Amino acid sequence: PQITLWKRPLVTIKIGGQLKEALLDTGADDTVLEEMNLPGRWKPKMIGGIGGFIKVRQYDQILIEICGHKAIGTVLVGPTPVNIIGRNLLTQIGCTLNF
């Protein structure tokens, strides 16, 4: 679809069998989700934005469905204020910016 930017570009995602709301974020290299208990091994990581860094758990090869479009990649999980879909998964669903 086409998403305008008058409001935060929030969409429904399906991950680990659960539905969540997430922000499509072209300014994010990586995808960061609010605290959730995903199964499997993970690696510690630190992610930075405005204000500093937070500690996250990095999970590899996680499947996420974003408005019916499937993507598979690295998902970071930690105390983020909002679920963020980053470029690593937005490239996979064929997302572009247009103006």
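Quick note: we count residues from 1 along the sequence shown, nothing fancier.
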Legend entry - Mean temperature factor over C-alpha atoms, higher-scoring stretch between 25 to 33 and 66 to 74: 66 to 74
Inset, instruction - For the higher mean C-alpha B factor in the entry, choose 16 to 24 or 83 to 91. - result: 16 to 24
Legend entry - Third of chain Cα B-factors occupied by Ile50: highest
Legend entry - Record-listed C-alpha B factor of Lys43: chain third: middle
